[PDB]
Amino acid sequence: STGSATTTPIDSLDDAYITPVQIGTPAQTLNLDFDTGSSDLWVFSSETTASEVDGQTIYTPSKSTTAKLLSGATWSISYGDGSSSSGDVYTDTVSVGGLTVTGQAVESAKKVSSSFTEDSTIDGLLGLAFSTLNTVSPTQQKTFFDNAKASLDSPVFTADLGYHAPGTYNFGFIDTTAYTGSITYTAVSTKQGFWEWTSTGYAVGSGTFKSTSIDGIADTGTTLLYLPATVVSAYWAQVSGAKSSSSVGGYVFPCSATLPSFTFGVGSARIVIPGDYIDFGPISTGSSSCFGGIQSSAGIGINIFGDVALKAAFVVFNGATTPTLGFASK
Ligand SMILES: NCCN1CCOCC1
């Protein structure tokens with residue numbers, strides 16, 4: 001089998017992408033943030049504290065004839081950005097772009113932190129990292145991809161995010177019309193539960209490529225590109241007026257600038273992120289300063305190839321027994 005669903009930016013800056021997901025019988029469609037950096041499929045629900053719901057579509061398991069309460073199972077997650085959520089677990093039929101998984105764990109939120117409440121466009125998350133990071137306790141649950149894996153024509157999923165435009169998540173197949181050149185695959189370490197790989201280096205604009213190993217994760221659930229301070233400083237040094245701001249929380253630059261591209265290595269292949277993708281957006285509407293799409297990973301503990309980087313490529317998350325990651329230009 002296969003599935004194909006369109007993913008859409010939630011706002012004019014691509015702060016996050018939402019993909020419609022069908023849950024239950026009859027279908028209840030919720031717009032979830034597909035996150036390759038986490039492994040819980042959780043939704044705003046009929047159990048969520050009313051004061052913490054502000055415009056989101058909720059999942060009501062009592063209205064689903066296929067919903068089954070997973071007795072004694074609870075979940076509680078805290079993300080790298082400081083946001084959190086928790087609640088109970090049901091199993092239900094979940095479909096993404098025509099691909100159906102029966103008995104998928106759907107984590108019904110009872111509580112969500114304020115960061116979630118204020119994003120009316122995000123009805124929950126659909127985790128696509130390895131199932132070893134799933135928070136369901138005591139019985140750890142599998143991700144939608146992990147459950148679908150055996151039934152798919154090929155055990156893979158692809159991310160094709162658009163810049164200020166819709167994109168696609170495909171399951172079980174590779175669309176050979178969606179990219180230029182070829183897909184270069186690279187090794188993945190599953191030791192930390194992430195799609196963790198090693199980039200072979202970088203270039204700033206038309207500069208000479210520097211061969212240097214950069215371990216990081218392909219994370220569709222992170223908005224920006226987070227790289228070592230050395231790399232990030234060499235990039236922003238090419239932009240007049242760029243500087244790190246403590247009030248904004250990172251590199252800002254004058255909105256008047258046209259930015260250089262940033263290239264990252266995938267084996268002997270090169271993915272070029274256009275300068276416009278790195279011009280993330282104004283720190284406020286009408287502001288003099290704009291927030292950088294490339295930021296330092298110094299306080300995080302891991303480098304993150306977030307949406308700024310992934311939207312420049314067709315990305316294959318290969319879930320075979322020994323997982324690999326593929327990148328193609330587009
Ligand atoms: N609620 C703050 C976080 N979110 C994250 C996704 O984009 C919008 C802002």
# chains A, B, ... in the order shown; residues from 1 in each chain; ligands from 1

call {"tool": "residues_near_ligand", "arguments": {"ligand": "ligand 1", "cutoff": "6 Å", "atoms": "only C-alpha atoms and all ligand atoms", "output": "MDAnalysis selection string"}}
result
chainID A and resid 15:16 115:116 118:119

call {"tool": "write_last_selection", "arguments": {"atoms": "N, CA, C and O atoms", "output": "mmCIF file, in the first residue's frame"}}
result
data_model
loop_
_atom_site.group_PDB
_atom_site.id
_atom_site.type_symbol
_atom_site.label_atom_id
_atom_site.label_comp_id
_atom_site.auth_asym_id
_atom_site.auth_seq_id
_atom_site.Cartn_x
_atom_site.Cartn_y
_atom_site.Cartn_z
ATOM 1 N N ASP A 15 6.319 28.733 9.932
ATOM 2 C CA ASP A 15 6.686 28.448 11.327
ATOM 3 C C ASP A 15 6.543 26.947 11.657
ATOM 4 O O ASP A 15 7.286 26.417 12.483
ATOM 5 N N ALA A 16 5.638 26.253 10.943
ATOM 6 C CA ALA A 16 5.365 24.818 11.066
ATOM 7 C C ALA A 16 4.500 24.400 9.862
ATOM 8 O O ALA A 16 3.969 25.261 9.145
ATOM 9 N N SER A 115 2.087 27.054 24.867
ATOM 10 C CA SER A 115 2.599 27.144 23.484
ATOM 11 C C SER A 115 1.661 26.428 22.511
ATOM 12 O O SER A 115 1.381 26.952 21.429
ATOM 13 N N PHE A 116 1.109 25.270 22.941
ATOM 14 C CA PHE A 116 0.160 24.533 22.123
ATOM 15 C C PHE A 116 -1.187 25.237 22.008
ATOM 16 O O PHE A 116 -1.705 25.378 20.905
ATOM 17 N N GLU A 118 -1.942 28.402 22.152
ATOM 18 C CA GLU A 118 -1.900 29.598 21.319
ATOM 19 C C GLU A 118 -1.761 29.320 19.818
ATOM 20 O O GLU A 118 -2.009 30.240 19.035
ATOM 21 N N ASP A 119 -1.429 28.077 19.405
ATOM 22 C CA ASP A 119 -1.369 27.772 17.977
ATOM 23 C C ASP A 119 -2.682 27.100 17.559
ATOM 24 O O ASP A 119 -2.767 25.869 17.532
#

call {"tool": "select_by_dssp", "arguments": {"residues": "region 125-221 of chain A", "states": "strand (DSSP E)", "output": "ChimeraX atom specification"}}
result
/A:125-127,156-160,167-171,184-187,196-204,210-218

call {"tool": "write_last_selection", "arguments": {"atoms": "N, CA and C atoms", "output": "short mmCIF file (atom, residue, chain, number, x, y, z; two decimals), in the first residue's frame"}}
result
data_model
loop_
_atom_site.label_atom_id
_atom_site.label_comp_id
_atom_site.auth_asym_id
_atom_site.auth_seq_id
_atom_site.Cartn_x
_atom_site.Cartn_y
_atom_site.Cartn_z
N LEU A 125 0.37 16.49 17.17
CA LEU A 125 1.58 16.11 16.48
C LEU A 125 1.48 14.66 16.03
N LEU A 126 2.16 14.33 14.94
CA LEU A 126 2.26 12.95 14.49
C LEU A 126 3.75 12.64 14.42
N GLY A 127 4.24 11.91 15.42
CA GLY A 127 5.64 11.56 15.53
C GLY A 127 6.13 10.57 14.49
N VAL A 156 9.39 3.08 3.52
CA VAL A 156 9.95 4.44 3.50
C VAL A 156 8.84 5.49 3.57
N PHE A 157 9.21 6.70 3.93
CA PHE A 157 8.35 7.86 3.81
C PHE A 157 9.22 9.03 3.35
N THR A 158 8.63 9.97 2.62
CA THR A 158 9.38 11.09 2.09
C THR A 158 8.76 12.40 2.52
N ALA A 159 9.61 13.40 2.73
CA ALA A 159 9.21 14.74 3.09
C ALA A 159 9.62 15.66 1.93
N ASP A 160 8.67 16.44 1.42
CA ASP A 160 8.94 17.38 0.33
C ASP A 160 8.27 18.68 0.75
N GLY A 167 3.45 21.35 0.28
CA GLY A 167 4.36 20.28 -0.05
C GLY A 167 3.71 18.94 0.14
N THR A 168 4.52 17.88 0.22
CA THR A 168 3.96 16.53 0.27
C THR A 168 4.70 15.58 1.20
N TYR A 169 3.95 14.73 1.89
CA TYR A 169 4.50 13.61 2.64
C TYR A 169 4.00 12.38 1.91
N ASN A 170 4.90 11.51 1.44
CA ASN A 170 4.47 10.27 0.79
C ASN A 170 4.87 9.10 1.64
N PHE A 171 4.08 8.02 1.61
CA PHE A 171 4.40 6.84 2.38
C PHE A 171 4.42 5.63 1.45
N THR A 184 20.88 10.87 -2.83
CA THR A 184 22.07 10.29 -2.23
C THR A 184 21.72 9.85 -0.81
N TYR A 185 21.99 8.57 -0.48
CA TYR A 185 21.70 8.05 0.86
C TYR A 185 22.89 8.09 1.75
N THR A 186 22.64 8.23 3.05
CA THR A 186 23.67 8.36 4.06
C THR A 186 23.27 7.55 5.29
N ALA A 187 24.27 7.09 6.05
CA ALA A 187 24.00 6.24 7.21
C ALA A 187 23.24 6.94 8.33
N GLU A 196 19.37 10.40 12.88
CA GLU A 196 20.64 11.06 13.12
C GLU A 196 21.67 10.63 12.08
N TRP A 197 22.31 11.59 11.44
CA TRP A 197 23.24 11.32 10.36
C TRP A 197 24.42 12.29 10.42
N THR A 198 25.38 12.16 9.50
CA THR A 198 26.54 13.03 9.48
C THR A 198 26.69 13.70 8.13
N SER A 199 26.54 15.02 8.10
CA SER A 199 26.77 15.83 6.92
C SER A 199 28.26 15.89 6.68
N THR A 200 28.65 15.93 5.40
CA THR A 200 30.06 15.95 5.02
C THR A 200 30.68 17.35 4.90
N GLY A 201 29.92 18.39 5.20
CA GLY A 201 30.47 19.73 5.22
C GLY A 201 29.53 20.81 4.77
N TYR A 202 30.10 21.97 4.44
CA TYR A 202 29.27 23.09 4.05
C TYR A 202 30.00 24.12 3.21
N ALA A 203 29.23 24.99 2.56
CA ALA A 203 29.73 26.17 1.86
C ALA A 203 28.78 27.35 2.17
N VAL A 204 29.31 28.57 2.20
CA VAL A 204 28.55 29.79 2.39
C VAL A 204 28.56 30.51 1.03
N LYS A 210 33.84 23.33 2.54
CA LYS A 210 34.69 22.88 3.61
C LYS A 210 34.26 21.47 4.03
N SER A 211 35.15 20.47 3.87
CA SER A 211 34.87 19.10 4.28
C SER A 211 35.04 19.01 5.78
N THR A 212 33.95 18.77 6.48
CA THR A 212 33.97 18.67 7.94
C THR A 212 32.74 17.91 8.38
N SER A 213 32.91 16.95 9.29
CA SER A 213 31.79 16.14 9.75
C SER A 213 30.84 16.88 10.68
N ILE A 214 29.54 16.92 10.33
CA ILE A 214 28.56 17.56 11.20
C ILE A 214 27.45 16.56 11.49
N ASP A 215 27.43 15.97 12.68
CA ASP A 215 26.38 15.04 13.09
C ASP A 215 25.16 15.88 13.38
N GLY A 216 24.00 15.40 12.99
CA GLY A 216 22.75 16.11 13.26
C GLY A 216 21.55 15.25 12.98
N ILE A 217 20.35 15.80 13.22
CA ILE A 217 19.13 15.05 12.99
C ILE A 217 18.28 15.74 11.95
N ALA A 218 17.55 14.95 11.15
CA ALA A 218 16.63 15.50 10.16
C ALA A 218 15.34 15.62 10.93
#

call {"tool": "residues_around", "arguments": {"residues": "residue 138 (chain A)", "least_positions_apart": "6", "cutoff": "8 Å", "atoms": "only C-alpha atoms", "output": "MDAnalysis selection string"}}
result
chainID A and resid 72:74

call {"tool": "select_by_dssp", "arguments": {"residues": "region 9-171 of chain A", "states": "helix (DSSP H, G or I)", "output": "PyMOL selection string"}}
result
chain A and resi 50-52+61-63+114-117+131-133+144-148

call {"tool": "write_last_selection", "arguments": {"atoms": "N, CA and C atoms", "output": "JSON list (two decimals), in the first residue's frame"}}
result
[["chain", "number", "residue", "atom", "x", "y", "z"],
["A", 50, "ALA", "N", -10.95, 22.59, 28.89],
["A", 50, "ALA", "CA", -11.57, 23.58, 28.00],
["A", 50, "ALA", "C", -10.79, 24.90, 27.87],
["A", 51, "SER", "N", -10.27, 25.42, 28.99],
["A", 51, "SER", "CA", -9.48, 26.65, 29.01],
["A", 51, "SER", "C", -8.18, 26.57, 28.19],
["A", 52, "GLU", "N", -7.69, 25.34, 27.93],
["A", 52, "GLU", "CA", -6.48, 25.13, 27.13],
["A", 52, "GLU", "C", -6.75, 24.85, 25.63],
["A", 61, "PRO", "N", -13.14, 10.46, 21.08],
["A", 61, "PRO", "CA", -13.18, 9.00, 20.90],
["A", 61, "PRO", "C", -14.56, 8.39, 21.16],
["A", 62, "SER", "N", -15.40, 9.03, 22.00],
["A", 62, "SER", "CA", -16.74, 8.47, 22.26],
["A", 62, "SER", "C", -17.62, 8.48, 20.99],
["A", 63, "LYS", "N", -17.28, 9.32, 20.00],
["A", 63, "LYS", "CA", -18.00, 9.38, 18.72],
["A", 63, "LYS", "C", -17.40, 8.44, 17.64],
["A", 114, "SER", "N", 0.87, 26.28, 27.36],
["A", 114, "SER", "CA", 0.38, 27.45, 26.64],
["A", 114, "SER", "C", 0.88, 27.55, 25.19],
["A", 115, "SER", "N", 2.09, 27.05, 24.87],
["A", 115, "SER", "CA", 2.60, 27.14, 23.48],
["A", 115, "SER", "C", 1.66, 26.43, 22.51],
["A", 116, "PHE", "N", 1.11, 25.27, 22.94],
["A", 116, "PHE", "CA", 0.16, 24.53, 22.12],
["A", 116, "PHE", "C", -1.19, 25.24, 22.01],
["A", 117, "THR", "N", -1.75, 25.71, 23.14],
["A", 117, "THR", "CA", -3.03, 26.42, 23.13],
["A", 117, "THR", "C", -3.03, 27.62, 22.16],
["A", 131, "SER", "N", 10.31, 4.57, 17.29],
["A", 131, "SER", "CA", 9.37, 4.24, 18.35],
["A", 131, "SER", "C", 10.00, 4.13, 19.74],
["A", 132, "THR", "N", 11.31, 3.99, 19.83],
["A", 132, "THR", "CA", 12.01, 3.96, 21.12],
["A", 132, "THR", "C", 11.88, 5.28, 21.90],
["A", 133, "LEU", "N", 11.51, 6.40, 21.24],
["A", 133, "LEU", "CA", 11.28, 7.68, 21.96],
["A", 133, "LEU", "C", 9.80, 7.87, 22.40],
["A", 144, "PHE", "N", 2.99, 5.78, 13.68],
["A", 144, "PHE", "CA", 2.16, 5.50, 12.51],
["A", 144, "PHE", "C", 3.00, 4.83, 11.41],
["A", 145, "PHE", "N", 4.23, 5.31, 11.21],
["A", 145, "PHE", "CA", 5.11, 4.76, 10.19],
["A", 145, "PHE", "C", 5.53, 3.35, 10.57],
["A", 146, "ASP", "N", 5.91, 3.15, 11.83],
["A", 146, "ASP", "CA", 6.33, 1.83, 12.33],
["A", 146, "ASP", "C", 5.18, 0.80, 12.15],
["A", 147, "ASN", "N", 3.95, 1.20, 12.47],
["A", 147, "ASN", "CA", 2.79, 0.33, 12.29],
["A", 147, "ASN", "C", 2.47, 0.07, 10.82],
["A", 148, "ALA", "N", 2.65, 1.08, 9.95],
["A", 148, "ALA", "CA", 2.34, 0.96, 8.53],
["A", 148, "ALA", "C", 3.37, 0.17, 7.73]]

call {"tool": "closest_atom_pairs", "arguments": {"of": "region 274-298 of chain A", "to": "region 234-248 of chain A", "cutoff": "9 Å", "atoms": "only C-alpha atoms", "output": "Markdown table"}}
result
| residue | atom | partner | partner_atom | distance |
| --- | --- | --- | --- | --- |
| A:283 | CA | A:248 | CA | 7.6 |
| A:291 | CA | A:248 | CA | 8.2 |
| A:292 | CA | A:236 | CA | 8.6 |
| A:294 | CA | A:235 | CA | 8.3 |

call {"tool": "write_last_selection", "arguments": {"atoms": "N, CA, C and O atoms", "output": "PDB file, in the first residue's frame"}}
result
ATOM      1  N   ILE A 283      11.388  40.214  12.698  1.00  0.00           N
ATOM      2  CA  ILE A 283      11.154  39.893  14.118  1.00  0.00           C
ATOM      3  C   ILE A 283       9.754  40.390  14.594  1.00  0.00           C
ATOM      4  O   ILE A 283       9.215  39.871  15.574  1.00  0.00           O
ATOM      5  N   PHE A 291      14.814  37.688  11.456  1.00  0.00           N
ATOM      6  CA  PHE A 291      15.393  36.565  12.205  1.00  0.00           C
ATOM      7  C   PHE A 291      16.069  35.594  11.255  1.00  0.00           C
ATOM      8  O   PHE A 291      15.512  35.262  10.210  1.00  0.00           O
ATOM      9  N   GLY A 292      17.270  35.165  11.609  1.00  0.00           N
ATOM     10  CA  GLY A 292      17.999  34.220  10.777  1.00  0.00           C
ATOM     11  C   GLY A 292      17.382  32.832  10.741  1.00  0.00           C
ATOM     12  O   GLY A 292      16.931  32.300  11.767  1.00  0.00           O
ATOM     13  N   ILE A 294      19.241  30.254  10.010  1.00  0.00           N
ATOM     14  CA  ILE A 294      20.371  29.459  10.465  1.00  0.00           C
ATOM     15  C   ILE A 294      20.791  30.045  11.813  1.00  0.00           C
ATOM     16  O   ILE A 294      21.053  31.252  11.932  1.00  0.00           O
TER      17      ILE A 294
END

call {"tool": "closest_residue", "arguments": {"among": "A:84, A:4, A:151, A:31", "to": "residue 97 (chain A)", "atoms": "only C-alpha atoms"}}
result
A:4

call {"tool": "closest_residue", "arguments": {"among": "A:101, A:152, A:229, A:53", "to": "residue 23 (chain A)", "atoms": "only C-alpha atoms"}}
result
A:101

call {"tool": "residues_around", "arguments": {"residues": "residue 91 (chain A)", "least_positions_apart": "6", "cutoff": "9 Å", "atoms": "only C-alpha atoms", "output": "ChimeraX atom specification"}}
result
/A:66-70,102-107

call {"tool": "write_last_selection", "arguments": {"atoms": "C-alpha atoms", "output": "mmCIF file, in the first residue's frame"}}
result
data_model
loop_
_atom_site.group_PDB
_atom_site.id
_atom_site.type_symbol
_atom_site.label_atom_id
_atom_site.label_comp_id
_atom_site.auth_asym_id
_atom_site.auth_seq_id
_atom_site.Cartn_x
_atom_site.Cartn_y
_atom_site.Cartn_z
ATOM 1 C CA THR A 66 -13.431 1.923 16.226
ATOM 2 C CA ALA A 67 -11.874 3.738 19.247
ATOM 3 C CA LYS A 68 -10.730 1.465 22.049
ATOM 4 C CA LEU A 69 -9.450 2.800 25.371
ATOM 5 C CA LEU A 70 -5.936 1.504 26.120
ATOM 6 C CA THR A 102 -5.877 0.079 12.294
ATOM 7 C CA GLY A 103 -5.127 -0.024 16.037
ATOM 8 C CA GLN A 104 -2.809 2.996 15.982
ATOM 9 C CA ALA A 105 -2.152 4.561 19.421
ATOM 10 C CA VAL A 106 -3.838 7.977 19.487
ATOM 11 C CA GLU A 107 -2.728 9.914 22.567
#

call {"tool": "residues_around", "arguments": {"residues": "residue 58 (chain A)", "least_positions_apart": "2", "cutoff": "8 Å", "atoms": "only C-alpha atoms", "output": "PyMOL selection string"}}
result
chain A and resi 30+43-46+56+60+123
